[PDB]
Amino acid sequence: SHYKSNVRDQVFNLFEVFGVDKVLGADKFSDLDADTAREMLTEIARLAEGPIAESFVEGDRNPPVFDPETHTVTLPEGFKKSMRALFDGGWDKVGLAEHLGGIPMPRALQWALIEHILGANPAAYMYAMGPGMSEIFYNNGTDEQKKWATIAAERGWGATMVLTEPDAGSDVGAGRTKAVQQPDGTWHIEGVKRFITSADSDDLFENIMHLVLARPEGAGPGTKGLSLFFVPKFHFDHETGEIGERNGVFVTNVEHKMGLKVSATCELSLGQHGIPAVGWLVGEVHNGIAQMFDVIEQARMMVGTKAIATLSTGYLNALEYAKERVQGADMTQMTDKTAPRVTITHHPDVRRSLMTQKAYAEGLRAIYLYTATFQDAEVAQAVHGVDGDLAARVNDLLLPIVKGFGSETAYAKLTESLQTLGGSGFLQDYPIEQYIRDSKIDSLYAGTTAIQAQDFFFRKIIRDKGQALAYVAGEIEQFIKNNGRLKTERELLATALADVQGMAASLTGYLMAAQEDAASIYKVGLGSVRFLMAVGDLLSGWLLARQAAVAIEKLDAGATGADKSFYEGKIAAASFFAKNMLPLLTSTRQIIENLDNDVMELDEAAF
Amino acid sequence: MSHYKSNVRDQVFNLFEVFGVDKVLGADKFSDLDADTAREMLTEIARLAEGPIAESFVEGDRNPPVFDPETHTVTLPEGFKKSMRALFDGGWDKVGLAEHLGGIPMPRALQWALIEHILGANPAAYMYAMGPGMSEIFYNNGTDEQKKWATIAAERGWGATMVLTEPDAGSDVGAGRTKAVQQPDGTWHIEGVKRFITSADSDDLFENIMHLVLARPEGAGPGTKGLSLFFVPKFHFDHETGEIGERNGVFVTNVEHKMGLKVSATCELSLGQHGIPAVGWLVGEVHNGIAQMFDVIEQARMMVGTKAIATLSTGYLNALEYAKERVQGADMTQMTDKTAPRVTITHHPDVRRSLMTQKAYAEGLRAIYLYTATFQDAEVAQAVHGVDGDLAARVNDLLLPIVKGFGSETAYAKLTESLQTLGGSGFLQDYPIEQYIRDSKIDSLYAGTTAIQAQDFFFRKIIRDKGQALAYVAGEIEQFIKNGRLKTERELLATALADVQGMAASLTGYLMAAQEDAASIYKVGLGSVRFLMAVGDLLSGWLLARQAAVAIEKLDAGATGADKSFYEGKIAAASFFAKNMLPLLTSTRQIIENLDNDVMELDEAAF
Ligand SMILES: CCCCCCCCCCCC(=O)SCCNC(=O)CCNC(=O)[C@H](O)C(C)(C)COP(=O)(O)OP(=O)(O)OC[C@H]1O[C@@H](n2cnc3c(N)ncnc32)[C@H](O)[C@@H]1OP(=O)(O)O
Ligand SMILES: CCCCCCCCCCCC(=O)SCCNC(=O)CCNC(=O)[C@H](O)C(C)(C)COP(=O)(O)OP(=O)(O)OC[C@H]1O[C@@H](n2cnc3c(N)ncnc32)[C@H](O)[C@@H]1OP(=O)(O)O
Ligand SMILES: Cc1cc2nc3c(=O)[nH]c(=O)nc-3n(C[C@H](O)[C@H](O)[C@H](O)COP(=O)(O)OP(=O)(O)OC[C@H]3O[C@@H](n4cnc5c(N)ncnc54)[C@H](O)[C@@H]3O)c2cc1C
Ligand SMILES: Cc1cc2nc3c(=O)[nH]c(=O)nc-3n(C[C@H](O)[C@H](O)[C@H](O)COP(=O)(O)OP(=O)(O)OC[C@H]3O[C@@H](n4cnc5c(N)ncnc54)[C@H](O)[C@@H]3O)c2cc1C
């Protein structure tokens, strides 16, 4: 029970702020209503706090062991027991398509449900991502492939996304894994892939579906020459799903990692052990990188939600500790050797820290749920009034913030959680150091922060012609211009909005100048990450401010008890974030407006 | 070679070309030690650190100490004990140790530069080796008879511990309840349980350990003032020949399991609970505990700061070497060309932003601790700064919480950039950076948490000091500012200096106003840590700019080759730090100028 849930804040966001309950009980969600939604969140939170979290420590202390001659991995018993708990409740099939055995629901609710597993034992969700991949394989497959996808979903097969090679990580287009077409239309995949998550998973599933990018012989270079292939660990009867002969795809190494140790991160050899790795061309078309980006988009959303979930149970652990730990006297009596001892929540610096953890943890939760409300065209219409096209664009703009800004912030602020515990924070007895170790990875896989920032500017803003960016900007400006108890917050948000507008203009300016002087484009790269983070802060402050507005109406209406405390905290957090986080964006804008290429022209030897 | 990558070149630059410590070398107290000898010593211990000391860095983490309950002792891994012997055999126990205890006299600026290499290669190795330096502290505070014991302890190389912390008394040292009961023969029996004691046992590295234990004499008043300091040896011993006799009643009962620094045995220490008394001797036969122990704390705080700085330095140099070799992607000026030549990642603007950020903070921090060390000898302070002993002492005290607090916090933050430079591989144990992070997380906690450093900085080192040491340092910064290739830096430093003056004035205002409104003092707590960090950023900016000024002179004088490259990087680092770090202080001042106690008045339950 390391994991501390927060269903209350999830429901507040989903219903009182974004109004996702408006589509519940109607249309696609005809058979699921607001009170069923609340019960599902509560149920998976209890399961996460119990069976799923019970093996959080065990997985880290007792990580998988690799047998190099069987090419398999043994997982610790307690963690497998948690996996079965997850399956027995059917939680690998929330938001899964109905025709695959799923329960239809808005994606905002689905990701909120997944938050609890990511918070209690993130690697358990990664192992359990098979069905969701089967759906993507289904959506992209031939009719015949759709039958396989249905089988995989029903049978609970695991799955992997196979891109990375030793010399091709960020530069996916440099991968050299080959695909050799056979007369009967199958392909033989030949190469070595690296860092593949869940490439083997002990006896959790009867099969693993590997989705492998490979370059067909003679195809062009870059990502555009790449194709995607369904490569099952086991051959299987394509009508009954019956498991057959082993396919030539074998794990040949398992990495030793700083954290997330219970997730087998594997070197994967295809067609190197005298057995062909048979693959099937997904959709029987050559459109590899486009197809895998359906999966990359899911992976990036999960990583951000993972980091945010971890920060939130990090904060709540730090809060509970701070509440019971007595140390020192109140600052108004610090000169009195005999003054009463106080719990450390009385100390200004501990309070500064807890509110920093709170505001960012809750600000990020708002961000990922906000992002999710544009993932269904029909939730996007009901709660935002935007059509499918703008919704998709707005969702694509927000993903790199969820991933890039969520991974970086979660890890940073976990430093505060650990600090709240003093020296005991450095002990394994408490979960925060594992939170830190487990979450460090989130700035790296599924595309690094710099890649996130490069995606954000060039594709999600410039290639987008700024349409999504402008929609969100307009919603921020609308809130600013609408009581007076939020007068100061709106002023601080107006400054920050303008600050981000300034950054966007400078970086655009640097791009335009690259028409005349190629090197000018380096200035965009230099400021890309600071800009991504600046947008994340602006969204946090805006969404917190929205939450404070709802909290004041509900407080004004007579809220009492625990409700009253919750709403009071939202008001405090929005005000604290506006007054302590948002002003730094002013300086950041001024730094971006003055970037120069000195650091680019400097001789490498001078570093 | 090793994980540990040294930087003797940058150390000698600071000691000689910037601060002119060589100007006291070869004469008087240091007459047996000239510039050439000092450098050869630095080169020598750098090689020891890169070889035998660093060799057991990984083993200490992977094969950590074990507590034996049958023996109440601790077992160390063989490889790490081999490193310890390498250190002892070289006589590196006694650099800066007083000559009458067998040490080599040297300026403290040189002493800590030598120690940086050990803290970089295997920091626990120095902690286990701090026995002799503790014997010197015991000597200076002890009676004549005790001076004889301390001489035996130094000569025979006994280990040592500082024993303050208890389960209910960490930062609040004065709340400790371990008691001392005076015996007829003038000795004392220490009775209590202490927590988190570094090196409380050390296997068979030494023949005895000197525990320096804070305890309250029966009947003494409360708080730190009621405490006394006691010499409590692991073994009784002949007070004149040093022959080791019967076991004393002070036993390790457990060894903690930690995020990092694993090879450092951190133990619960029981005094007089296993059936034999822990006999102790009142240090100096006076009741003056907390002042006496602070001789040790001041050393411990300097070591922790230098340790964090050492770790960032080798973290940065590891990331740089990696970035030089890793090919990934095309140059940004060719980003749309999928046939463009691949480049090494030092060509990517964000990688360069990240490397220059690591560089500037690493080298800026080395400058800070070496600058701080130039005020730890009266002779060096007068010769290189022209300040008397009293002022020097005050300026050194002012700078320690910056070395410790700002160094601790920055090192850990920027190691994130080091790990990020390796991409996914940074998450692997195959590379040392993830261990650097786990090993350095502790630096913000022991020897006083960052909040305690910030509280000490403002209340004792500025306010109680009447701003004299602070006014001296501000005067040197303003002198540099007033003196053209460094005009922009001096402009930005002027802004930064005023920004810190403002923060100081706001905070002083909040404190003085507590006379008429007690709650006003909470605003000091709310802003103290940010204020400490701003001074650290100001000092780094100043010192790097000073380094650039010497680098300009040296290139003007004709420097070539590797020298030229070094001086060029100092210019780039100084300008980059002034343009990308210092401006943020303006927003931080404005934030400190509008702190309020909303966060203090909020109900705990609203968190
Ligand atoms: C489900 C069960 C298994 C999963 C469970 C475990 C999950 C654990 C999560 C961690 C696992 C991983 O890390 S998987 C590997 C992740 N790898 C990456 O994210 C790749 C990072 N690098 C990049 O993104 C690069 O910027 C690059 C896109 C690869 C650069 O290549 P490039 O050729 O230069 O791209 P570009 O020219 O911009 O466009 C090419 C082509 O790609 C499509 N596309 C690009 N960007 C997209 C985004 N943001 N979204 C959707 N699609 C994108 C797109 O088709 C484009 O073509 P065009 O439309 O431009 O013609
Ligand atoms: C050494 C070889 C052994 C090898 C292993 C060691 C290396 C491992 C590294 C980690 C070791 C540790 O972590 S040991 C534990 C360290 N503990 C702390 O640092 C305590 C942190 N908490 C504080 O500092 C508190 O603020 C406090 C000072 C203890 C608060 O007590 P309080 O009574 O309220 O303070 P105050 O009234 O202001 O002063 C009382 C008295 O204390 C002296 N003193 C305080 N601050 C001093 C500083 N900065 N410098 C010197 N002396 C200080 C001082 O004598 C003062 O008396 P007055 O002068 O005010 O009358
Ligand atoms: C635990 C773990 C699990 C993983 N699981 C999977 C998996 O299941 N499937 C899979 O396909 N992959 C997986 N990966 C691979 C992961 O996605 C890659 O590590 C990641 O995309 C970064 O690639 P890289 O390690 O080669 O780093 P690199 O690409 O070599 O990056 C090195 C550095 O250069 C920078 N850089 C590189 N190119 C650019 C550029 N163009 N512009 C600016 N900066 C740049 C990066 O930001 C980084 O700082 C996993 C990785 C880890 C650590
Ligand atoms: C690896 C390790 C080795 C150690 N080795 C030694 C050793 O050799 N000798 C020894 O004596 N000790 C040692 N310690 C103890 C260490 O010095 C203490 O843990 C440290 O001083 C923090 O105290 P604490 O753990 O009780 O935290 P607490 O005092 O309980 O503090 C917890 C939190 O409250 C905050 N806080 C507390 N009081 C105040 C206040 N007045 N104002 C504002 N904020 C406040 C802190 O900043 C922190 O965030 C070691 C600790 C560790 C982790």
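Only this structure's heavy atoms are used, side chains among them; waters, hydrogens and symmetry mates stay out. Below, read A as the first sequence line, B as the second, and so on, with proteins coming before strands; counting in each chain starts at 1.
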For [X], which atoms come within 4.5 Å of any heavy atom of chain A: side chain, backbone, both, or neither?
X	result
B/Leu320	side chain
B/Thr346	side chain
B/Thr588	both
B/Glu409	side chain
B/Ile437	side chain

By a 4.5 Å heavy-atom criterion (distance strictly below it), what part of [X] contacts chain B: side chain, backbone, both, or neither?
X	answer
A/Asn597	neither
A/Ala519	backbone
A/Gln454	side chain
A/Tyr567	neither
A/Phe576	side chain
A/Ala174	neither
A/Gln590	neither
A/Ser424	both
A/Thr449	both
A/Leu585	neither
A/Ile592	neither
A/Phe195	side chain

Can you find a pair of side-chain heavy atoms, one from [X] and one from [Y], that are under 4.5 Å apart?
X	Y	answer
A/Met355	B/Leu602	yes
B/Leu355	A/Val599	no
B/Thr224	A/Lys337	no
A/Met334	B/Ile521	yes
B/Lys324	A/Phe607	no
B/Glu604	A/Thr343	yes

**Study point:** Point-to-point distance, once rounded to the nearest 0.5 Å, from CG of A/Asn580 to CG of B/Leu595
**Key:** 6.5 Å
Review point. Roughly how far apart are B/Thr266 OG1 and A/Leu427 CG, rounded to 0.5 Å?
Key: 8.5 Å
Review point. Does the pair B/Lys579/A/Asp598 count as a salt bridge with the N-to-O cut at 4.0 Å?
Key: no
Count the heavy-atom pairs under 4.5 Å between each of [options] and chain B, then report the option with the highest count.
options	value
A/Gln357, A/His346, A/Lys440, A/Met331	A/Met331
A/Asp596, A/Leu584, A/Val326, A/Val529	A/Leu584
A/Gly225, A/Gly422, A/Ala322	A/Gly422
A/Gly222, A/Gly527, A/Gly328	A/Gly328

Looking at [options], which one has more heavy-atom pairs under 4.5 Å with chain A than the rest?
options	result
B/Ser444, B/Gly569, B/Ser520	B/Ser444
B/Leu261, B/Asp350, B/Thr339	B/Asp350
B/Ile571, B/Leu317, B/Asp168	B/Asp168
B/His348, B/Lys570, B/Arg342	B/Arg342
B/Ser528, B/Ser575, B/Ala169, B/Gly221	B/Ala169
B/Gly260, B/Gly174, B/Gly426	B/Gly260

What is the minimum heavy-atom distance between [X] and [Y], and which atoms define it?
X	Y	value
B/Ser587	A/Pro583	OG-O, 3.1 Å
B/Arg326	A/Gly169	NH2-N, 4.3 Å
A/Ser565	B/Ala605	CB-O, 3.7 Å
A/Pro348	B/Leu526	O-CD2, 3.5 Å
A/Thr332	B/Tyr522	CG2-OH, 3.6 Å

Review point. Does a sphere of radius 6.0 Å around OH in A/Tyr510 hold more than 12 heavy atoms from other residues, nucleotides or ligands, not counting ones at 6.0 Å or beyond?
Key: yes
Expected output: side-chain [X] to main-chain [Y] donor-acceptor under 3.5 Å:
X	Y	answer
A/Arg437	B/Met259	no
A/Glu433	B/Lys258	no
A/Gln327	B/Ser171	yes

Check your understanding: Is there a side-chain contact (heavy atoms from CB on, under 4.5 Å) between A/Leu418 and B/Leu445 once you walk through the steps?
Key -> CA-CA 10 Å; A/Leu418 198 150; B/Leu445 305 161; 3.9 Å; yes
Exercise for review: Decide whether A/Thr448 and B/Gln420 meet the rule of one side-chain donor and one side-chain acceptor closer than 3.5 Å.
Suggested key: no
